[PDB]
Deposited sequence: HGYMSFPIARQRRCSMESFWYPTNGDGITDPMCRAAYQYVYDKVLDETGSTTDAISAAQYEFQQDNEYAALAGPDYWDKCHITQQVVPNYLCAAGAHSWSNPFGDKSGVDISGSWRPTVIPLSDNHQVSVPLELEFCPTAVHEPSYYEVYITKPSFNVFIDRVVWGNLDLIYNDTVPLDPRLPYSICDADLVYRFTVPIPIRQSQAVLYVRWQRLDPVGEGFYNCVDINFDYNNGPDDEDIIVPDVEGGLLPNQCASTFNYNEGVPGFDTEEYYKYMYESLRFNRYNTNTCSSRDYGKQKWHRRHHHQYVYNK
């Protein structure tokens, strides 16, 4: 059992919110965490007609942040078994989408939208990959086990696409060492699974799908979605920097040509809404 602590798992970020009270989820500040709570709450309220069940199902989704799990059985290594029978859908819920069944309903966490990412700064804009030391926060030491990390394909759109096996690429597969936590770790466990993964860079928000799979007959696996984005450096690209190899003039602090219409002036914004008139109905 456990969850991704660095970058933080989507469901772990939600479980740090005040979801216990008020019971309708209005104490949850993050709009996507609040929508995930309210999705399961409204789903269960509409099927059973019981508010107590709606509250319990929605709370369970965030209380079980360390149990986003699925049982694969002895053939946990069989890719088609995982993709078609164990976690065929609702990947960020580890396939759990039924409140009265084992693992409940965590499908609110799998909805699309403006999930808040961990923003990773780039050291250099030509970096193809960023070696990032991932931290998995185990609430129990389960060995033998291994970790797989997937990343969404380059054109994945977090606002509208579901994370599915068809839009995920495997970037890491290894046994990871159980190590001491580094300073300022948000993991509440005493030891952690820390591992250096080369994360492919993206210009838009991506999702890492981390799978912690036990190698045993029961085959319990833990699956978490991790929202990430990349902060590019501003200015000209390093390869386009021509340096000079060889009267007193100064620029002022005056707002040059203030009042003249142009880019980012109110005229430009008003013009844009007229240019987008065919986009409104």
Worksheet item: Where are the holes in the model when you compare it to the deposited sequence?
Response: 247-251, 287-313
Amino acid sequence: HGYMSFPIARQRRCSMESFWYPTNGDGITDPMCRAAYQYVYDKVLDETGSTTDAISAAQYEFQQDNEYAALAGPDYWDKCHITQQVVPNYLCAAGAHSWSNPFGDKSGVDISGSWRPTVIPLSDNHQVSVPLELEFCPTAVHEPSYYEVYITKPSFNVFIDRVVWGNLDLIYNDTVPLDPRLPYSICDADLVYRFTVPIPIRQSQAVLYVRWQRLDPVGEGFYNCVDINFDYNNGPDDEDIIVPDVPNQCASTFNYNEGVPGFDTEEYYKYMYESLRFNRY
From here on, numbers count along this sequence of modelled residues.
Item to complete: May I ask you to compare 50-58 and 225-233 by their mean CA B factor in the entry and name the higher one?
Response: 50-58
Worksheet item: In the PDB record, does 123-131 or 158-166 carry the higher mean Cα temperature factor?
Response: 123-131
Response to the item:
From the entry's CA B-factor values, the highest among 45, 28, 69, 36 is 45
Worksheet item: Whose CA atom has the top B-factor in the entry, of 265, 11, 257, 18?
Response: 265
Item to complete: Using the B-factor values recorded in the entry, state whether the Cα atom of residue 97 falls in the lowest, middle or highest third among the modelled residues of its chain.
Response: middle
Worksheet item: According to the PDB entry, is the CA B factor of residue 108 in the bottom, middle or top third of its chain, that is, lowest, middle or highest?
Response: lowest
Worksheet entry | Modelled-residue ranking by C-alpha temperature factor, third containing residue 91 | lowest
Response to the item:
By the entry's values, the third containing the CA B factor of residue 202 is the highest
Worksheet entry | CA B-factor placement of residue 188, once the chain's modelled residues are sorted into thirds | highest
